[PDB]
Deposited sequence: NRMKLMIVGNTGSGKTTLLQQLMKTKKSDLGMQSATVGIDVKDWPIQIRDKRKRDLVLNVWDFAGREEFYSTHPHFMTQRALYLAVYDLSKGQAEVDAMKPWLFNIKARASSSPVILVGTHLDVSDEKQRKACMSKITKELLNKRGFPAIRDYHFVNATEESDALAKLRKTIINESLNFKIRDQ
């Protein structure tokens, strides 16, 4: 299923691949011939960063959902939270509802009540550190706050 292209930088890995199929640290492509999931690594540092330890222990999560689709999308977050918990116990999560610009207040408050009650303080869900509602298509106050929360969480982990 996966084809990993490894070796040192400048050896021709990306060039070889586009020729077979006929810098970014890690490039992930599908190759239909049987479909192979191809992982193109720039060098040793990038391969090392995929060790299961970093992948499962050293990660912080943005769980993103479309608020304009209403509280069922918040429900759609539960399977994600169980999966995230199973990858790591200690994985902190920030929930982000997008499409705020095309959401009603009934939806925003319902989703928040849902979040507050059903997701916010539960074992074994991950620790959900904050939640945000944003128009993801533009710069805004709320998006800048989300940006700061992501920084604060990365530093304090």
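Novice: Would you list the gaps, meaning deposited-sequence stretches without C-alpha coordinates, in the order they occur?
Specialist: Model skips 1 to 2, 25 to 35, 47 to 55, 180 to 184 of the deposited chain.
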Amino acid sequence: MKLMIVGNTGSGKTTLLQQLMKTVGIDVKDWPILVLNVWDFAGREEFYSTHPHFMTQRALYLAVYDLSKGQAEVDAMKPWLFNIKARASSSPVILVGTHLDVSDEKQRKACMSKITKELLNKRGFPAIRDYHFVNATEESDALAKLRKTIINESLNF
From here on, numbers count along this sequence of modelled residues.
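Novice: Out of 124 to 132 and 105 to 113, which stretch has the higher average CA B-factor listed in the record?
Specialist: Of 105 to 113 and 124 to 132, the stretch with the higher C-alpha B-factor average is 105 to 113.
Novice: Look over 94 to 102 and 50 to 58 in the entry and identify the one with the greater average Cα temperature factor.
Specialist: The entry gives the higher C-alpha B-factor average to 50 to 58.
Novice: Based on the PDB record, which member of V38, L67, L34, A63 exhibits the highest Cα temperature factor?
Specialist: Result of the comparison over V38, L67, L34, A63: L34.
Novice: Ordered by C-alpha B-factor within the chain, which third holds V74? Give me lowest, middle or highest, please.
Specialist: CA B-factor rank for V74: highest third.
Novice: Using only modelled residues of the chain, where does the Cα B factor of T15 rank: lowest third, middle third or highest third?
Specialist: Bottom third by C-alpha B-factor.
Novice: What third of its chain, lowest, middle or highest, does the C-alpha temperature factor of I5 fall into?
Specialist: Ranked within chain, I5 CA B lands in the lowest tercile.
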